[PDB]
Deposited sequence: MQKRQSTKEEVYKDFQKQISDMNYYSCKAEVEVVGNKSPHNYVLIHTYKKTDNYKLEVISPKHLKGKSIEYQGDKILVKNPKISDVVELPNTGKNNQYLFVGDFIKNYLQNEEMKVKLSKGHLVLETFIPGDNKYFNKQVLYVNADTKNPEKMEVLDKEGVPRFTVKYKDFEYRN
């Protein structure tokens, strides 16, 4: 036997959940357009991807205040508003130091340690650069928000230290 027929609202809410979680879709669209004369037909391909957008804007060192870098897709926007300059560059492919989603999400070979109220996550940085050797992220074990990140050289010295303040998300 089989379950009972879904009601209007059950089917509708299932549809809402299905399209909300969608991160990619693709389809063929056959479109009929009817003006004041003969209809006309078109075929399109529709593609949807949900994509990441990162903006880093510098505030503190006065020289840099208001300068920004924006990562959108295959594109990067580098902005100096002090002279109204916008430069567009191609994205080859961590997108910046401080970028933690999708490297600490998409787990690989990785050291995980629970120490003094922090989830410590360590990965090696491929390319065996003497200076960008290992990436270490400290996550608050209660909030699960990142607290600190260190790029260590091959001798274990932090070359970049990011301290995350005022972290909010939706």
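Comparing the deposited sequence with the modelled residues shows gaps at 94-97, 175, with numbering starting at 1.
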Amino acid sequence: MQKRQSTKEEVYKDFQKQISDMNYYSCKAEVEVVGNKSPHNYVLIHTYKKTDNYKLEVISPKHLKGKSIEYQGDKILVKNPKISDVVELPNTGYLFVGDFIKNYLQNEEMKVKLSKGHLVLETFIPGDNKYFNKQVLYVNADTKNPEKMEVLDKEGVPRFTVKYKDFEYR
From here on, numbers count along this sequence of modelled residues.
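The stretch 104-112 shows the higher mean C-alpha B-factor when 104-112 is compared against 64-72 in the entry. As listed in the deposited structure, the average C-alpha B-factor of 52-60 and of 29-37 is greater for 52-60. In the PDB entry, a CA B factor belonging to the middle third of its chain's modelled residues is recorded for residue 135. In the PDB entry, a CA B factor belonging to the middle third of its chain's modelled residues is recorded for residue 15.
Among the modelled residues of its chain, residue 90 has a C-alpha B-factor that falls in the highest third, as given in the PDB entry. Ranked by Cα temperature factor within the chain, residue 47 sits in the lowest third according to the deposited record. When the CA B factors of the chain's modelled residues are split into thirds, the value for residue 155 lands in the highest one.
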